[PDB]
Amino acid sequence: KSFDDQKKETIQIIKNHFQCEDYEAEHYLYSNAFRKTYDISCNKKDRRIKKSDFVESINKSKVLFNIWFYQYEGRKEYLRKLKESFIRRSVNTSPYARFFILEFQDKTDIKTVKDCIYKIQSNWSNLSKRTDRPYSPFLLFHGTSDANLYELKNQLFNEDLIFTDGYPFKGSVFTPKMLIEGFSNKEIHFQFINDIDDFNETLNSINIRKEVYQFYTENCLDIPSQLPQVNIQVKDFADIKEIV
Amino acid sequence: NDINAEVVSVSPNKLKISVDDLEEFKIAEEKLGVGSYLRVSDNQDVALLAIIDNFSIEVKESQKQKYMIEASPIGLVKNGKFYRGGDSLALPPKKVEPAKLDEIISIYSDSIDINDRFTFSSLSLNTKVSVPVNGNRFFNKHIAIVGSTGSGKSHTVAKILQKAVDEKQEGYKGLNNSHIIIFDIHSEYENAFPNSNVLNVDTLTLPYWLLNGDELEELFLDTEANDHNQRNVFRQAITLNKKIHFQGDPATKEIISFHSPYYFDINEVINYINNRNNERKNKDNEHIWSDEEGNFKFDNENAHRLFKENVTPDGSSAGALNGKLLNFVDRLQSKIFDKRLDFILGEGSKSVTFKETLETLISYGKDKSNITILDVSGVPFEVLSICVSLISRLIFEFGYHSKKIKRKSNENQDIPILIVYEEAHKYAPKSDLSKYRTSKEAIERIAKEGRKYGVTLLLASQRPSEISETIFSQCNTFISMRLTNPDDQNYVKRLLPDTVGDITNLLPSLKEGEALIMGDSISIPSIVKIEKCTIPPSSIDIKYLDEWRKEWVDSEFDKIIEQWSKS
Amino acid sequence: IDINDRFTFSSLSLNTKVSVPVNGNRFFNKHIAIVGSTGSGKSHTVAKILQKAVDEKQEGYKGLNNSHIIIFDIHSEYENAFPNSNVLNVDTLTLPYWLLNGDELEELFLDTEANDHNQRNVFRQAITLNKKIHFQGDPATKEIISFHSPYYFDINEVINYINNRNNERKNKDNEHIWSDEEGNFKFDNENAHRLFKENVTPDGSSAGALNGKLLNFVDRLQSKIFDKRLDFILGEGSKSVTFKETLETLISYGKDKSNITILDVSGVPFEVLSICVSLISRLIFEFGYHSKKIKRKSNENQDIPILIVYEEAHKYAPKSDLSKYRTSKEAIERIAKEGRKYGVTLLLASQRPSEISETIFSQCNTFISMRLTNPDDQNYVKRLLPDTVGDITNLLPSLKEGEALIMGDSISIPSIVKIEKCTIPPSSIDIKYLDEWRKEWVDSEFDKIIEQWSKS
């Protein structure tokens, strides 16, 4: 039919089937259902499949990219459309241990990562001298070489963005408690989790509410399910700045 | 960080902002003044908006500069959309920035629909923020524009009507359906609307017979020296004159009264009273007369034939009103032949029709214009309230009869009329004297019932405290310029729908062009800068010092006397 | 408040799961004042209360309940709020002029500035004698008729009587002699009835007592009965309508019964608006008086309780002691003070309470406040307030859309609630000026207005 005509129809079957809210159905389940309809339509040989195993494919924790929702409404609406759905902000941002896991690949320039880090650090921290419970976001990167990761870490320190990684000196073992003190440290801007092994040891040392914001392009890491997560898939790393 | 401000205290409706660095040294001048808007948030998405009420910059010899800003929240912005009713708790501390251009627009833009936006002013603290009002709500609910002399109140009035005339939908070249009437007593709007129908005394033709019984009993009549038997002959002459000059069916002829505006001849009314002054009764006390067509008896049917000059009385003794009406023939003749009353009592008012009068008043004649200018500067002040009330009643029952045909025709096309009352305290004052009792209820009828019938009014005055509160409070939109008289300030603040922060100090502090709009059409009561009007209202006033400085003029004086004697 | 007495029309603003019921008996038996500035949804709050009162049906029947609501609607908002009602504009309402009492008849026809004792007193004798003639029922109450008694008189004859008194002649004995078809007669009470027709020729020599002193009165009387805007109160419809059909019209007890009677007083002239309000207010209150004292001596529970909604109540009952609104001020005050014992209670609705008189606004035990932004309205409320709590009345300028504040005996605690949203809101047909002014210059719809002015 028309573009508008089937828009109110297609979300109606998914709404009562899973019994979730509007953004958990129209934005979370209906968006993923459009790709895997197209993923088998563009298959060269097996075009028609049985949909018995389709209803559990799209109920993953992830929120996949929709290229047709990129091409129609453009990048201004779509990144705003993703921002308003899962990253609903409040006036008073509570001191929660927020983890920002971003996929790092060699096609990404080192300059645009810092502007994403500067956006995450400014929007998700309150390092004021007057607050009694200061908070600072956690940053995790994956998929890249350690040589490219250290160049990003070394560049941020020269621009007076002081961070901690659980490695306070050369040859140190991983100290998870340094990130907890850095969470309450007003002179530490954010925390830089080195890898996935340093990630899961950090959740065991934090007792306050923890949120995980995952922003990948191709590969998404397996996160524990009880943690509140937002796994948004994007085209490029520069799009992550306009959603956080 | 050019600006580093932070909340240190939170009240239910007050915030304490502590500016810590202030590196820019220009942000404080434009964006941290009183009335400016702040951005209270810890994130870029959702932000409290607070307007600055009062600040204090204490500086000491040894300690730090303590820049303290006291602001009150007005609402909430959630990803570009502004929500009013600011009471959401912002737990301190919080980063405070000046609001950028997009949020301050969103305070005023999104509350009013795109289609019905009427913009004639921008924000005073930030001229890039245009401040719209609900254009439907602006005019059908009455406007009261108030502000002392030297503030440019008439510039604000002229800018709105210029914006109203230029407001049109796409599909035609020009001359939209705006119908605005201005009672210009200072002749200010002569050169503000060049495409208009200006009506001064020399060109206006107001018929005297459209006045009701009260206006006839104040124009023609003295105030206190009038007797009861001499009042009565005024009504009997006028009421019976209106019956003969009627051409309709006798059914409406029976409903013709003294307070019924139908046509009558004022020269014949004088001729009746001049005759009745000379009446002579016989022994049976019946007044016998004589015309060229024969003698008769003066009764209720032959009273119509005393209207001619060549009617000769006969009898023995003095009549009932013999010598008691000679005061009246002189007073009536002093007004018909008064050349300053030619526009109301001349020969043109007799030959004019009822439709031609209303074509003149709303510019529906041969020269059609959106704005009709009634230059009442040359109108005498004793008859000014009579002519204002005559036109105000004529325009009101135009709109009253405009939607008595909607009952039968049922067509969406209509004529909505705005009446601009410059110096509205002059026609509708607070004081209940009889000399202003003509123009009070004509304005008041438009004030109460005029929203229903599509005839609403604009009240423009530099002295608002003398306007009656039975008319000023019927206005729902209030545009307030610089008001410096404390009697005018206390009158306005009591009748305003809202209050913007501290207002007692602010009202004398308004500049030229700075105005305060507050009412139903606007979203929040805001401080605006009215648009500079390219074609400004200016009255031709005699520059006394310029004319006094030059040489003693002696050629003019003999010309003036020969004009006075018409030689 | 027990279950059978709970009247829920709103929930708590700070806790939407908390319904806020009021004592529904005490809500309406005591008077209500619903205030709040324009644009805050005060008319939304009023109609939601009457919609819940209309739908207050106990189990057992499918017909209409015993709700009786009268709305004095001047902004014409409640026509679309209650579609199953009886809306009465000037083209539909017919109020008899003879049902006005002595105060309202003088207020419609006497000139306050021309306060003539001769004009005042003749108007009593012209009307009271005319009320006696047109009475054709039981003769025992014919001679008990006074000026304030509500019986029919012909005002065209009253004008003819006063106009004849302008033509007063007198003889040497100071007796006015008149001539008609029957013959010559004196002016006494036995021949005072025959001056009511215009076919009377006076006979005499000297000037009468009121020769020409009432011509100011006669020309003022013909400016009212021949006024087309007063056709609903002084036309031929008021001649033929009676007392029963008038009262059936006012509380919707006629052929089409309805719980809510909306009196569209937008078309009423403002100088007679207080008179028309006072006529209906006094008629309904005295209907409630004769309701109770019949049932007082009969001991029956079949009762008719009436709510009168006074929207824009400062128009009718102002703070100023001006004489023009005095008729409607004392009619509302009579309902405000003595009305609750006769089953006639009032609802005062106003966006600007500061002209509501404190002698009437204080009689409203239950007080509802929308957002109030004028400090003059706020300080008037605060000093007129019932027993409140510490700082709940400081929230008046800060109320959001739909929030209200009820105190009084009907509610347990003075609280800020959120009124239930109207599914059928009050919308007035406001002429849209910027919509109409944006159109092309209307050229056809000018001569239709002018020719209709001259009755063609």
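Residues numbered from 1 in each chain as written, not as in the entry; some residues may be left out. Chains lettered and ligands numbered in written order. Part of a larger assembly, values for the part shown. Heavy atoms only, no water.

Listed in the archive, the entry goes by the title "Cryo-EM structure of an anti-phage defense complex".

Going by what the PDB entry lists, chain A is known as DUF4297 and is assigned to Escherichia coli.

A. Local environment of the overall build of chain B. Scanning chain B from N- to C-terminus turns up 20 helices and 21 strands. Rg of the C-alpha trace for chain B: 31 Å, well past the compact-globule value of 24 Å for 567 residues, more than 25% over. Looking at chain B residue by residue over its 567 residues, the buried ones come to 56%. Taking contacts inside chain B between residues at least 6 apart in sequence as the whole, the part at least 24 apart equals 68%. (Helix = DSSP H or I, 4+ residues; strand = E, 2+ residues; numbered from the N terminus. Rg over C-alpha atoms; globule rule 2.2 N^0.38 Å. Buried < 20%, exposed > 50% of the residue type's maximum accessible area, 1.4 Å probe, protein only. Contact = heavy atoms within 4.5 Å.)

B. Structural view of a nonpolar patch on the surface. Residues and elements named next belong to chain A. A contiguous nonpolar surface patch, about 370 Å² in accessible area, is contributed by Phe-34, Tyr-38, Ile-67 and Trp-68. Counting residues per element, the ones that place at least two in the nonpolar patch are helix 2 (30-41) and helix 3 (67-71). Mapped onto the elements, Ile-67 comes out in helix 3. Take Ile-67: its relative accessible area is 36%, and that puts it in the partly exposed class. (Patch = residues over 30% accessible without salt bridge, like charges linked within 9 Å, V, L, I, M, F, W, Y side chains within 5 Å. Areas by Shrake-Rupley, 256 points an atom, 1.4 Å probe, with all protein chains shown as cover. Salt bridge = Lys/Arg side-chain N within 4 Å of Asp/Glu carboxyl O.)

C. Region of interest: the interface of chain C and chain B. Contacts between the two partners involve 58 residues from chain C, matched on the other side by 88 residues from chain B. Taking both sides of the interface into account, the surface hidden between chain C and chain B amounts to around 6,400 Å²; carbon and sulfur atoms contribute 53%. Looking only at chain C, the three residues that lose the most surface to chain B are C:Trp437, C:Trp441 and C:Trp453, adding up to 16% of its buried area. Scanning the region where chain C abuts chain B turns up ten salt bridges. The partner of B:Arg451 in a salt bridge is C:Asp430, with the nearest N and O atoms 3.6 Å apart. In this assembly, chain C and chain B are joined by 37 residue pairs in polar contact. (Buried area = accessible area lost by both parts, 1.4 Å probe. Polar contact = N/O pair within 3.5 Å; in protein donor to acceptor, adjacent residues only side chain to side chain.)

D. Quick look at the arrangement of the chains. Once contacts are tallied for each of the two pairs of chains in contact, the highest total is for chains B and C. Nothing in chain A touches chain C; the tightest C-alpha to C-alpha distance between them is still 18 Å.

E. Focus on empty space enclosed by the protein. In total, this model carries three cavities of 30 Å³ or more according to the counting rule given. As a volume, the largest cavity reaches approximately 50 Å³. Looking at the largest cavity, the residues that line it are A:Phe65, A:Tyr70, A:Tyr78, A:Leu79, A:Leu82, A:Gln233, A:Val234, A:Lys235 and A:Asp239. Looking at the lining of the largest cavity, the element that brings in the most residues is helix 4 (residues 74-86) of chain A, giving three residues. Class assignment for the residues of the lining of the largest cavity results in six nonpolar, one polar and two charged. Its boundaries defined by the atoms lining it, the second largest cavity holds a volume of some 40 Å³. Surrounding the second largest cavity, C:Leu88, C:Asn89, C:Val90, C:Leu93, C:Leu95, C:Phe232, C:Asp264, C:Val265, C:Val268, C:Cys276 and C:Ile280 form its lining. Residues that form the lining of the second largest cavity fall into these classes: nine nonpolar, one polar and one charged. (1 Å grid on protein atoms, 1.4 Å probe; cavity = no way out; pocket = protein on both sides within 12 Å on 5 of 7 lines; lining within 4 Å. Points joined across faces, edges and corners; volume = space filled by probe spheres on them. Nonpolar A, V, L, I, M, F, W, Y, C, P; charged D, E, K, R; others polar.)

F. Main features of the interface of chain B and chain A. With 17 residues of chain B at the contact, the number on the chain A side is 15 residues. Roughly 1,400 Å² of surface becomes buried between chain B and chain A when both sides are summed, with 45% attributable to carbon and sulfur atoms. If you sort the residues of chain B by the area they bury against chain A, B:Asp42, B:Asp45 and B:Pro93 come out on top, with a joint share of 37%. Between the two partners, chain B and chain A, sit two salt bridges. The shortest N-O distance in the salt bridge between B:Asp20 and A:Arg130 comes to 3.5 Å. Mapped by element, the contributors of at least two residues to the side of chain B that touches chain A are strand 1 (5-10) and strand 4 (46-58) of chain B. Of the residues that constitute the side of chain B that touches chain A, the class distribution is eight nonpolar, four polar and five charged.

G. Representation of the sheet that holds strand 7 (residues 177-179) of chain C in the model. Residues and elements named next belong to chain C. If you trace the three strands from one edge of the open sheet to the other, you get 8-7-9, paired in antiparallel fashion. With one partner strand each, in any of the chains shown, strand 8 (184-186) and strand 9 (201-203) form the two edges of the open sheet. Ignoring which end each strand starts from, the neighbouring axes of this sheet average 35° apart. (Pairing = 2+ DSSP bridges. Axes fitted to C-alpha atoms, helices over the stretch in contact; angles between N-to-C directions.)

H. Geometry of helix 8 (residues 266-277) of chain B. Residues and elements named next belong to chain B. Over its twelve residues, helix 8 extends 16 Å from the first C-alpha to the last, a length consistent with the 16 Å expected when each residue adds 1.5 Å. With nine of twelve residues buried, helix 8 lies mostly within the body of the structure. Taken together, the buried positions of helix 8 are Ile-266, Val-269, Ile-270, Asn-271, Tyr-272, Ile-273, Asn-275, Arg-276 and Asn-277. Looking at the buried residues of helix 8, the elements they touch are helix 6 (228-244), strand 13 (288-291), helix 9 (326-336), helix 10 (342-345) and helix 11 (347-351). (Expected span 1.5 Å × (residues − 1).)

I. Fine view of the nonpolar core. Core analysis: the largest hydrophobic core is formed by 106 residues, its most contacted members being B:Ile273 and B:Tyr421. The dominant element in this core, judged by the number of residues it contributes, is helix 13 (residues 381-402) of chain B, at twelve residues. One finds C:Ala126, C:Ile127, C:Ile280 and C:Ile304 within the second-largest nonpolar core, a separate group that totals 90 residues. (Core = buried A, V, L, I, M, F, W, Y, C linked by side-chain atoms within 4.5 Å.)

J. Inspection of the packing of aromatic side chains at higher detail. What the rule picks out here adds up to 71 aromatic pairs over all chains. Between the aromatic rings of A:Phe163 and A:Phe190, the centroid separation amounts to 5.2 Å while the plane-to-plane angle is 25°, which identifies the pairing as stacked. Of this pair, A:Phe163 sits in strand 4 (residues 163-164) while A:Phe190 sits in strand 5 (residues 190-193), placing them 27 residues apart in sequence. For the pair shown, A:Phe163 and A:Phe190 are each scored as buried. Residues C:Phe7 and C:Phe9 carry aromatic rings whose centres are separated by 5.6 Å and whose planes lie at 40° to one another, so their mutual orientation is tilted. Taken individually, C:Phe7 and C:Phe9 each receive the classification buried, so the pair is uniform in this respect. The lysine or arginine in question, C:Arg194, covers the ring of C:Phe185, its NZ or CZ lying 3.9 Å from the ring centre. Between C:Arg229 and the ring centre of B:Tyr400, over which it is positioned, the NZ or CZ distance is 5.0 Å. (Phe/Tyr/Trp six-rings, centres within 6.5 Å; stacked < 30°, edge-to-face > 60°. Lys NZ or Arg CZ within 6 Å of the ring centre and 35° of its normal.)

K. Inspection of the side chain of B:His401 at higher detail. Residue and element names in this part refer to chain B. Inspection of the secondary structure puts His-401 in helix 13. For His-401, a relative accessible area of 8% gives the class buried. Looking at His-401, its side chain comes within polar contact range of the main-chain oxygen of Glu-397, at 2.5 Å.

L. Representation of the sheet that holds strand 4 of chain A in the model. Residues and elements named next belong to chain A. Spatial strand order, 1-7-6-2-3-5-4: seven strands in an open sheet with parallel pairing. In the strand order of this sheet, the two ends are held by strand 1 (62-63) and strand 4, each with one partner. The pairing of strand 6 (residues 210-216) with strand 7 (residues 229-233) spans five bridges and is classified as parallel. Across the sheet, the residue bridging to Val-212 is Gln-229, located in strand 7.

M. Summary view of the pattern of salt bridges. In the structure shown here, the tally under the stated rule is 76 salt bridges over all chains. The partner of C:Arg120 in a salt bridge is C:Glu106, with the nearest N and O atoms 3.5 Å apart. Here C:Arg120, found in helix 4 (residues 117-134), pairs with C:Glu106, found in helix 3 (residues 102-109); they are 14 residues apart in sequence, far enough to count as distant. In the salt-bridge network here, residues are joined through shared partners; they are B:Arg39, B:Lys95, B:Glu97 and B:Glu103.

N. Expanded view of the pairing of strand 4 (residues 69-73) of chain C. Residues and elements named next belong to chain C. In terms of residue burial, strand 4 counts as a mostly covered element, since five of its five residues are buried. Alternating positions in strand 4 separate into two faces, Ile-69, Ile-71 and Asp-73 on one and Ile-70 and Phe-72 on the other, with burial throughout. Sheet topology note: the strand 4/strand 11 (residues 260-264) ladder contains five bridges and is parallel. From the neighbouring strand, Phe-72 faces strand 11, where its bridge partner is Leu-263. Sheet analysis places strand 4 next to strand 12 (residues 306-311), joined by four bridges and oriented parallel.

O. Representation of the packing of helix 9 (residues 243-250) of chain C against helix 10 (residues 270-296) of chain C within the structure. Residue and element names in this part refer to chain C. Contact geometry for helix 9 and helix 10: axes closest at 11 Å, N-to-C directions at 95°. For the element pair helix 9 / helix 10, the angle class is roughly perpendicular. Every residue of helix 10 that contacts helix 9 at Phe-243, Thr-246, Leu-247 and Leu-250 is listed here: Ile-280, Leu-283, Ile-284 and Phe-287. Here the residues of the contact of helix 9 with helix 10 are counted per class, giving seven nonpolar, one polar and no charged. (Parallel < 35°, antiparallel > 145°, perpendicular 65-115°, else oblique.)

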